[PDB]
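K.L.:
Mind looking over this structure? Questions follow.
Written as structure tokens, this is what we have:
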């Protein structure tokens, strides 16, 4: 809507960049966090338009983070990444302001695609014509 940002929680530093550059690649704005509490700060400070929390991150989860982010916005469009089939803390994290979840085993194109279908801004999704 206004400042359509995407926050990306990663410790590896590369994963965050992967989504940072690919979200931006599409025409987005992104940011990164090495725990969750960081994106947390950036949500209460910047209020992105969408956030991602890799609970697969090297150490911690941004679960109580989205928790506080849903205390801060209730649903700042969070997406928590898991081991594709882990989702151990997923239930609370998803009811906690997250619009959905993802996987650390995610696909790049799937990541930009999935977020455009949820938090849209310029990346159009075809569900109005039904033709593609």
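Numbering (the entry's author numbering), first residue to last: 1 to 132.
In this text, a Cβ means the ideal position worked out from N, Cα and C, and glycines have one as well.
For residue 69, list the residues DSSP reports as bridge partners.
P.N.:
On the chain shown, position 69 is the one that residue 69 refers to. Residue pairing by DSSP places residue 69 opposite no residue, since no beta bridge is assigned to it.
K.L.:
Go ahead and label residue 108 buried or exposed: buried means 16 or more other beta carbons lie within 10 angstroms of its beta carbon, across all protein chains shown.
P.N.:
Translated into positions along the chain shown, residue 108 becomes position 108. Exposed.
K.L.:
With a cut-off of 8 Å, do at least 3 Cβ pairs link the segment 64-78 to the segment 16-26?
P.N.:
Two segments are said to touch when three or more pairs of C-beta atoms, one from each, lie closer than 8 Å; by this definition the segment 64-78 does not touch the segment 16-26.
K.L.:
Quick check on residue 33: buried or exposed, where buried means 16 or more other Cβ atoms within 10 Å of its Cβ?
P.N.:
Position 33 of the chain shown holds residue 33. Classification for residue 33: buried.
K.L.:
Could you give the residue range of the beta strand (DSSP E) that holds residue 31?
P.N.:
Stepping through the chain shown from its first residue, residue 31 is reached at position 31. Element bounds for residue 31: 29-33.
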